[PDB]
Amino acid sequence: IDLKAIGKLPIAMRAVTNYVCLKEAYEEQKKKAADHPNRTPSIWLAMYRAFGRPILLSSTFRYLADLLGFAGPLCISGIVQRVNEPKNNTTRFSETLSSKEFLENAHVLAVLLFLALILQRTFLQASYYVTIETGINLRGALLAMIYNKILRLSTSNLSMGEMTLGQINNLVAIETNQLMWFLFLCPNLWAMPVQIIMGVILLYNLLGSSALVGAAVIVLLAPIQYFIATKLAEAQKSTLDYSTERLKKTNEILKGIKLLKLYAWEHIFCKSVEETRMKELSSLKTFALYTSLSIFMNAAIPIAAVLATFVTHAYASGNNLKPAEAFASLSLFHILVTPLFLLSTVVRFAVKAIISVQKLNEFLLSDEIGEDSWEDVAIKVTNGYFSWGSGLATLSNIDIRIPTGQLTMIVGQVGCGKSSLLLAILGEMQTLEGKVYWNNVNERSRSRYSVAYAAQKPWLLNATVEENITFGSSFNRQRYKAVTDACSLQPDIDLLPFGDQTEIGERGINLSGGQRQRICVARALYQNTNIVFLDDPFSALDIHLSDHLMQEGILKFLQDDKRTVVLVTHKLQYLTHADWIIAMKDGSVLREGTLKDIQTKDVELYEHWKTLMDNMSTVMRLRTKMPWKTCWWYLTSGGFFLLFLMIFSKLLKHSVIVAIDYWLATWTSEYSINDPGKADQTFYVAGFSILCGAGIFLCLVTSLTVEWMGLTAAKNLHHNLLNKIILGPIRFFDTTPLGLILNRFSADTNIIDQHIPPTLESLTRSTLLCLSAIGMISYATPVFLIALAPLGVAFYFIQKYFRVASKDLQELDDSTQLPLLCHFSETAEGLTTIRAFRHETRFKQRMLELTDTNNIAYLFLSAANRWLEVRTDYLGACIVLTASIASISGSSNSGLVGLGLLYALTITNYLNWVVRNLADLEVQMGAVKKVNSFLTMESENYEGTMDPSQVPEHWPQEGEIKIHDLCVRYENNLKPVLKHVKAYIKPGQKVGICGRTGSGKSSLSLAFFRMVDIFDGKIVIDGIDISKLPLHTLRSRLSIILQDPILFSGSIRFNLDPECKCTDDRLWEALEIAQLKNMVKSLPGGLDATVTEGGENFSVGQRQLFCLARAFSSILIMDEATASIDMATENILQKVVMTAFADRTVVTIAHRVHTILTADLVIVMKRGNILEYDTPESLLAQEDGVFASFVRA
Ligand SMILES: COc1ccc(Cl)cc1C(=O)NCCc1ccc(S(=O)(=O)NC(=O)NC2CCCCC2)cc1
Ligand SMILES: Nc1ncnc2c1ncn2[C@@H]1O[C@H](COP(=O)(O)OP(=O)(O)OP(=O)(O)O)[C@@H](O)[C@H]1O
């Protein structure tokens, strides 16, 4: 694969030269515009003179190539002119003459055509290859500048709080890509008239008069596509917004798989979501319509146009048209039509580039100056003003110099200024107004080169945690491991699948806010030249009974070391030696003292405080013809007249166009001067012109056919997913990550909706047209059948090479763009988190490598495409020479040679289209196959003769269930239980019972979750067989509680999705529970209130589902309250007793006394499962019952 092949030109245009050009251009812009500061409000009027890398070579070569190409058809006309044979009556001598008769000879013209074709193709490809190699550089430059102005300026930002991710939202991939594409496409806009005008002049010169009327039609046909563009863009935007709504709803739905997999809300939660898709589907249909129409515009106008000219042929009154006069005219028409689509694309591209550059100028001209205005002491200020950045009059009359090595902490939660003052001390905040002085020596950035900082708003790297803490220094096990073990991350030690080197942070493994603050303080610890600066890091993530432990680890770490260590915390848990304190209240620090010296000043301040206290052979070797069978699956299944109608229609239209050409040949076949006459002018209008309507009609039908098929398949494919995974087995869902499933649901549905149809249409059109042309060229000369056989056949092998080669390069590209954008994700996301960490300049060091490391692969892919195009062009030129030589040797008639040469010139260009479309289809279908293999697989059957049983909510025998006795080793690949634990429970057991870790999880999962070979045996449960309960409805009757009850969506506003028009959820079944009372009884949100992905965001009064409200099932099952307030848990227990009035039986799973302390009826267990029934807890102590529980009792 050779993912990182070579930089091979990092000096040329990677990082250094890009800045060396763009910065100088900016300097020239500012210096010149200084004279007219506001008379002319330009932005990048000097963006022309930005590089010195000329683009004039591109335009010059392009103009030369266009002239040669447009000349070619005149050579075709010459080669057809000499068809008439005027000999046997005059054979001039013309001895030794050179320029006299060198022109009209056929063979010399043919060789001229070959030379011109090769030269034009080569010049064109080389010129815009060079242009692209410059474009890439421009993109690198623009990015380098956006970073230079976003890194060392965007730290002290206060207006940016309106949109904190605006930069990483705009400049990520919408702007730079737009500018790179527009630079690579500019020559078309600059010199497309150089082709249109030239073609018009040639057509007027050789066509005469009957064609201009039929010629100027296409010059207006192109604006039809330019007009369709806007509507297509609007439809795409609407579809994108609907897709965003669908994606958010799907994320919410899929986030509760284990919760909904058995409750009464399994399928229903997707109902509207399904409609959502259908709803969104409607918008997609609208977009498809315009696209299909656009294809008709591109598939009909030429034919139509030429008919017009031939209609105006009746305005010429001539006998007929010389076959050497109109074949070349049609060739010119078929050549002119190419750059018009480029022009139409440029119509939108210019607007996109202008918008992007203006947005970039506005962003990079937004308070970026003044947001960075430039014994180890820094602070001596006599300011008449020290503004909170933009906010003036914030710190008036501030003057303080802080002796080092102190615990300076102005503890205060209200009006403290701890963040404003903390940022303004080290100069990182714009409080420099007035006069500021520093110490007599540093041992001009305001004396802060020895700073050290830790998070106040948490921050985690998008990489390994160990990387997140490496902090740009050495890394050896001794000091790092000692610091880590001072306050060990044991839960993080076991939870990370590869240690601290495993996934961590955003788009990685999650981390808690307490752990986040610990990580921040630890990365503060593993820093050198420690003169640390903190701004109250321990007011929220308080280490319970460990904040003192953390401060003692830090004691032996730095407070027993020679390094200034401070903290600006407000907590009184670690208040020992909290000597330094201030009373700012919108003022500077005017207080400083020892532990009791503050009481000397005797402020009401001290006293008051007390009162408030895998293999390559299985990937590469099987990569050849990768999607074939999957493509057959794609087309066949969901194709409404996929090939019954659309294939036949496409073939009919193509053959009809070929017959139209043959009819054009027939109309002017041989009657040229055999009959000037008056009745021979309109003979063939029923043989040639009468078919013209077919050319404008038949294709139009096919213009929708392919697209229509795709639309149907999309809905069906999407529906299949919902059909497949409406409900599923718990093993896979508890095994695989959620992100991959969400990606398979979203990205692949986008691909199948948007990109497959145009690729298929283009590939089919190219293949069929090339085949038709090959057939014609073989007809006109038998030798052509042999003559066109070998070389292209060899090309076939070469074709196969590309059919893989660039794909792998694309594969490299497919990953190459992942990291670099994340860089622009990180530095900006921490707009202030990386303010003054003494490594700001060092941020460029990695970016300037990444940019080149990616643009190198970009250029490699471009070069591969260029080589493919050149090879196709030369193969076509060879085919043209062969067919032309054969036609001129055979010399049957002018019509045959004209048709052959025109079709060869047509086929010259379609090979690149065919190859590119083949690659696109292969890659797209391979992407489809990733989720098309799991299209409808079913792994949870339901085949039971369970008779109709009423089974109301009544409790038969208090839910007596003892069905496990010496449980066997479980199976069915669903996290089996791998031991033996006989089960024998207490029927009338109200309160919960302590349990061992060995079987606590197994029992918790065993309350309702299915299993085959787990604990089968003698059973007495529920009055119906455990295995014979109906799979249609019985599983809907169960109930569970999540480990830490999280209901992300509303689940209250629309909680009456099943048949409950109870009209009592307001205050009768919920307020009495006293946990839902806060959100219901005394709340104005109402019976229709929702919280976005929150089970604990806005619902703190009842994190668990309201048990009484659901009983406005009958079996209640508990879990492990990981983050529940003990008082609230006791209140919920009182509500549980209120429910027990209707239940009087509850089983729970717990291993700690905090959840198993209130036992009223319990059992005496065996190794983790209940062994016998016994109320007394002391009896359980004598036996093996509660010894592990006794470890706290
Ligand atoms: C100058 O050009 C044209 C001239 C005429 C017409 Cl009517 C269309 C174009 C055109 O289409 N565009 C403008 C400029 C342009 C862009 C790409 C190509 S390319 O050779 O097809 N290369 C790729 O597309 N991708 C590679 C792979 C990695 C990404 C970047 C390069 C060729 C040219
Ligand atoms: N991003 C911001 N938006 C609005 N006001 C701000 C911002 N940053 C600072 N301020 C202002 O600066 C003043 C000083 O804030 P201070 O440092 O006391 O907050 P804090 O004590 O860190 O907050 P917390 O107690 O939650 O940690 C506040 O009155 C606040 O209005």
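Residues numbered from 1 in each chain as written, not as in the entry; some residues may be left out. Chains lettered and ligands numbered in written order. Part of a larger assembly, values for the part shown. Heavy atoms only, no water. Residues with missing side-chain atoms left out of burial classes, pairs and counts.

- As deposited, the entry is annotated with cryo-EM as its determination method and 4.0 Å as its resolution.

**Brief notes about the overall build of the protein chain**
Item 1. Of the regular secondary structure elements, the protein chain holds 37 helices and seven strands.
Item 2. With respect to the principal axes defined by its C-alpha atoms, the protein chain has extents near 135 × 95 × 55 Å. (Helix = DSSP H or I, 4+ residues; strand = E, 2+ residues; numbered from the N terminus.)

**Side note on the packing of helix 29 (residues 842-890) against helix 30 (residues 894-932)**
Item 1. At a closest axis distance of 9 Å, the pairing of helix 29 and helix 30 adopts a crossing angle of 165°. In this view, helix 29 runs roughly antiparallel relative to helix 30, as classed from their interaxial angle. Pair helix 29 / helix 30 crosses with right-handed handedness. Residues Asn865, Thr872, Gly876, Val880 and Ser887 of helix 29 lie in contact with helix 30, whose contacting residues are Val897, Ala904, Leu905, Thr908, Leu911, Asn912 and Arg916.
Item 2. Considering only residue class, the contact of helix 29 with helix 30 consists of five nonpolar, six polar and one charged. (Axes fitted to C-alpha atoms, helices over the stretch in contact; angles between N-to-C directions. Parallel < 35°, antiparallel > 145°, perpendicular 65-115°, else oblique. Left-handed = near helix turned anticlockwise from the far one by under 90°. Contact = heavy atoms within 4.5 Å. Nonpolar A, V, L, I, M, F, W, Y, C, P; charged D, E, K, R; others polar.)

**Considerations on the pattern of salt bridges**
Item 1. Residues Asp536 and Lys418 are paired through a salt bridge, measuring 2.3 Å at the closest nitrogen-oxygen approach.
Item 2. Across the pair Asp748 and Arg744 runs a salt bridge, and its minimum N-O distance is 2.9 Å. Of this pair, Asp748 and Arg744 are both found in helix 25 (residues 738-754), four residues apart, which corresponds to roughly one turn of the helix. (Salt bridge = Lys/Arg side-chain N within 4 Å of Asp/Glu carboxyl O.)

**Description of the pairing of strand 7 (residues 1169-1173)**
Item 1. Summarising the sheet, strand 6 (residues 1163-1166) and strand 7 pair through four bridges and their orientation is antiparallel. Directly across from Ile1163, in strand 7, lies its bridge partner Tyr1173. (Pairing = 2+ DSSP bridges.)

**Re helix 30**
Item 1. Helix length check: helix 30 (39 residues) gives 54 Å between terminal C-alpha atoms against 57 Å at 1.5 Å per residue, within 8%.
Item 2. The sharpest bend along helix 30 comes to roughly 30°, located at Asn909. (Expected span 1.5 Å × (residues − 1). Bend = angle between axes of the 7 residues up to and from the residue.)

**Some remarks on the side chain of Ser283**
Item 1. Locating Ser283 in the fold gives a position in helix 10 (residues 271-311).
Item 2. Polar contacts involving the side chain of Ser283 include one to the side chain of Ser238, which spans 3.1 Å. (Polar contact = N/O pair within 3.5 Å; in protein donor to acceptor, adjacent residues only side chain to side chain.)

**With respect to the packing of helix 22 (residues 646-667) against helix 23 (residues 692-724)**
Item 1. Interaxial distance between helix 22 and helix 23 falls to 9 Å at its minimum, and their mutual angle equals 145°. For the pair helix 22 and helix 23, the sense of crossing is left-handed. Residues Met646, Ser649, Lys650 and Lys653 of helix 22 lie in contact with helix 23, whose contacting residues are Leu698, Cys699, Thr702 and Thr705.
Item 2. Classifying every residue of the contact of helix 22 with helix 23 gives three nonpolar, three polar and two charged.

**Examining the packing of aromatic side chains**
Item 1. Pairing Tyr480 with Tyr526 gives two aromatic rings, centres 6.4 Å apart and planes at 35°, and the pair type is tilted. Residue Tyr480 is located in helix 15 (residues 477-486), and its partner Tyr526 is located in the loop between helix 17 (513-525) and strand 5 (531-533); the two are separated by 46 residues in the primary sequence. (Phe/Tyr/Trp six-rings, centres within 6.5 Å; stacked < 30°, edge-to-face > 60°.)

**Quick look at unusual backbone geometry**
Item 1. Phi angles above zero are rare outside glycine, and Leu966 is one such case at about 55°.
Item 2. For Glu1093, which is not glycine, the phi torsion reads 50° and is therefore positive.
Item 3. If you trace the backbone, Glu1093 turns up in the loop between helix 32 (1077-1080) and helix 33 (1107-1110).

**Some remarks on the environment of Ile751**
Item 1. Position of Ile751 relative to the elements: it lies in helix 25.
Item 2. As for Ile751 and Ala714, which are separated by 37 residues in sequence, their C-alpha atoms are 9.7 Å apart.
Item 3. Aside from chain neighbours lying at most four places away, what touches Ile751 is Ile756 and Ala927.

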